[PDB]
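In structure tokens, the next block holds one chain alone, the form deposited in one PDB entry.
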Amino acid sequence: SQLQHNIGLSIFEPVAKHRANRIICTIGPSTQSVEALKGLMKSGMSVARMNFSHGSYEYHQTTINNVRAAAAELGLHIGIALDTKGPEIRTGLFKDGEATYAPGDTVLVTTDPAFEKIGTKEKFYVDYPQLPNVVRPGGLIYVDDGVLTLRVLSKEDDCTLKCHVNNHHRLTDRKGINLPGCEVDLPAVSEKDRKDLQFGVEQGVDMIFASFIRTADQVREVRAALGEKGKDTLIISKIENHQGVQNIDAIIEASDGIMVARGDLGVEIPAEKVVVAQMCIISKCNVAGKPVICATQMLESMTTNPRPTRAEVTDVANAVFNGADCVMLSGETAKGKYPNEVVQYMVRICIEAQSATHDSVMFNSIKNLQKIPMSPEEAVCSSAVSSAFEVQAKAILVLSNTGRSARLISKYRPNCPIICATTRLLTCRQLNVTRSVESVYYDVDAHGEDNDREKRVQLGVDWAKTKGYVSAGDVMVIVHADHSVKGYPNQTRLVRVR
């Protein structure tokens, strides 16, 4: 019982030794430096995010090279993320530089490019040609991140739409426009996005944060855009609207993970419904066994302030309580005054919330929602986590090359950390988005074939000992395959470290 658990939570009891949840930082001017990055990584940064909505290929090249330099300096594996610009619906150019609007005025939204360069305070151009046809009277239009609200009145021309202004705001040249409720037939990947993805794939980005995902087909378009060179790179779809949350089931199946992009989602859907969307998306991603990132204003006030609001602390804590693997900073680390301090605060809230969680409940809730019969790979992974709770194991060790086994072990949310012994360095950086998983690399070319699992196994137990989780005599759960049939785990064994 949550009520029975809460009555008895000690504010004076010691927190957990290890940190299970992961932190994702947006690299910007405040954090592009190799010294600033070595600072974020030391504070808690597991994944470096690049927002491609702005910035040149020379800028992001510097971000790629600087994160890799800082990571190699500290001897850590950090994931490189590419947040695509995505399909945009922007306004035209405004007459003499700007145009202001007052509550009551009758404005005209035209799709004829004649009003593109010449946009007055009475009529202006919009990128979307479907616009007058898709948007029907009574319906709403949001301009400049929902700052100015427009109500559709009547269709003037086959290109124009008569609108009522009900929010006093001044619009600048080619400002963004969002259409609530309506199904937008924009491309999955824009012309820039395809060139951005090409640069990303060629430069070795670990994962892609696919901006504005509405359908599962749109996810497949992104994987196709990645090609044979980007076959193994993760696709984390960003849910930014109604079509995201409506087709969440299909988008989960198609994607490698999901991001609750509360930023654009809060502009599309009503503010109060973003909590319900968060909870729904996060729990569906847990039953699925795919990573979940929470994303906007986690600790917003710390962009200028040295301490977060009471609200910002509960938001970081409850994202972890919900079941999120990751928590995200963007602007708090990109353009913020306290870049190291904000990550340090996030880490403390994560370890606190992690300690205030009933560890057995999350496993039993996920397990009981599982379809029986389970695949032998899944029944071995869930039972490995079951054994961990039973023997009170200080750590779980998994020999996963893809990361697919480590993700299915993390799916059953254990109390202890998961150590992943892998032969691929990409896997080391891709498990930075999955909870409780701490990767170790085994160089096959520099040590041996190790067909009989024993070097990777001895490597992992040694790492867990050094990191301070397991001491001599402690019991560890070990997951791999039997010397007979490999490619999926079937083996589970309980061993004392010593």
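Don't overthink the numbering: it's just position in the shown sequence, from 1. Rigid core: the largest C-alpha set superposing within 1.5 Å between the two forms.
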- Message: Highest mean C-alpha temperature factor of the two stretches 396-404 and 90-98, which is it?
- Response: 90-98
- Message: Can you tell me whether 58-66 has a higher mean C-alpha B factor than 443-451 in this record, or the other way round?
- Response: 443-451
- Which of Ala356, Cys163, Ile236, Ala71 ranks first by CA B-factor in the deposited coordinates: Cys163
- Message: Take the CA temperature factors straight from the PDB entry and tell me which of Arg174, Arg348, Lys411, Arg310 peaks.
- Response: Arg174
- Query: Relative to the other modelled residues in the chain, which third contains the C-alpha temperature factor of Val485: lowest, middle or highest?
  - Reply: highest
- Query: Comparing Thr466 with the other modelled residues of its chain, is its CA B-factor in the lowest, middle or highest third?
  - Reply: highest
- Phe321 by Cα B-factor - lowest, middle or highest third of the modelled chain: lowest
- Ranked by Cα temperature factor within the chain, is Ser382 in the lowest third, the middle third or the highest third? lowest
- Message: Among the modelled residues of this chain, does the Cα B factor of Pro417 put it in the lowest, middle or highest third?
- Response: lowest
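The same protein has a further form, the form deposited in another entry, not shown here; the description that follows concerns it.
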- Query: Which listed residue (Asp173, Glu390, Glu352, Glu221) has a Cα shift of at least 2 Å between this form and the one not shown, rigid core superposed?
  - Reply: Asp173
- Note on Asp127-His60 C-alpha separation in that other deposited form, which departs from the shown form by 3 angstroms or more: closer
- Kindly indicate if, in that other deposited form, the C-alpha atoms of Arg136 and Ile213 are closer or farther apart than in the structure shown, bearing in mind the change is 3 Å or more. farther
